[PDB]
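Here you get one chain, nothing else, as structure tokens; it is the form deposited in one PDB entry.
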């Protein structure tokens, strides 16, 4: 059972508790959308799942693997989980192609060149094979983020975490990235997607989790949560985004 299992997870940056007891159970192939104001721990939660962040209390089990067990191969799980940030996914001094093959070639000891056959692959997947030999400075935000996804997908992960992949793009460039994330969900990928694009949520998401104050205030199918929120706070937040 369960691809992602989180129990009473708590995190504190110094003296401040950022996550105050989070419980989440994500099934394989589920697309969970996380929403909520800024500073409610959305990004911190994702960093814990991708092991970029350590935590205080609770347990985190990635596909049967507890992240804090003695006999755990942590780097096995690190490769297992891919992540796309709102910004800073690409190295500006490297070509799009080399960006995508940097990790597989160096971590997965893989491949030196199935190393780049994989990359040309995904580039066609996101519709930018035509940009293989370009540098990040030539790409639009929309293209750059599509490349960041192809880069995360390059490691062949079972889980894909998106941290507001489009919130830094102007209105007209959001569509192309979301479209790729949609095609990804339709392919059976387990995805935890933090976003404010409540249109993508409805369309692609299985469940939605509304976070606020380091707690998960309410959850439920997009339809039910966006149309019929049950908690006032969920209303107070939705009534200024949807």
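C-alpha atoms forming the largest set that superposes within 1.5 Å between two forms make up the rigid core. Residue numbers count along the first chain shown, from 1.
J.: Mean CA B-factor: is it higher for 45-53 or for 175-183?
T.: The entry gives the higher C-alpha B-factor average to 175-183.
J.: On average, which has the higher Cα B-factor in the deposited entry, 128-136 or 110-118?
T.: Averaging CA B-factors over each stretch, the winner is 110-118.
J.: Of the options 62, 69, 209, 191, which has the highest CA B factor as deposited?
T.: Of the options given, 69 has the highest CA B-factor in the PDB entry.
J.: Name the one of 231, 25, 221, 20 with the greatest CA B-factor according to the PDB entry.
T.: Comparing C-alpha B-factors across 231, 25, 221, 20, the top value belongs to 221.
J.: Per the entry's values, where does residue 3 land by CA temperature factor relative to the rest of its chain, in the lowest, middle or highest third?
T.: Ranked within chain, residue 3 CA B lands in the middle tercile.
J.: Using the B-factors in the PDB entry, rank residue 89's C-alpha atom against the chain and give the third, lowest, middle or highest.
T.: For residue 89, the deposited C-alpha B-factor lands in the lowest third.
J.: Which third of the chain holds residue 146 when residues are ordered by C-alpha B factor: lowest, middle or highest?
T.: Its C-alpha B-factor, which the entry lists for residue 146, ranks in the lowest third among residues of this chain.
J.: Sorting the chain's modelled residues by C-alpha B-factor, tell me whether residue 166 ends up in the lowest, middle or highest third.
T.: Its C-alpha B-factor, which the entry lists for residue 166, ranks in the lowest third among residues of this chain.
J.: For the chain shown, is the CA B-factor of residue 82 in the lowest, middle or highest third of its modelled residues?
T.: It falls in the bottom third of the chain.
Although it is not shown, the form deposited in another entry is what the next lines describe.
J.: Go through 160, 77, 126, 144 and flag the only one whose CA is off by 2 Å or more between the shown form and the other one, rigid core held fixed.
T.: Just 77.
J.: With the core lined up, does the C-alpha of residue 94 move 2 Å or more between the shown form and the other one?
T.: Yes, residue 94 moves 2 Å or more.
J.: Looking in the other entry, decide if the C-alpha atoms of residue 44 and residue 92 are closer or farther than in the form shown; they differ by 3 Å or more.
T.: It is farther: the C-alpha separation of residue 44 and residue 92 rises by at least 3 Å in the other entry.
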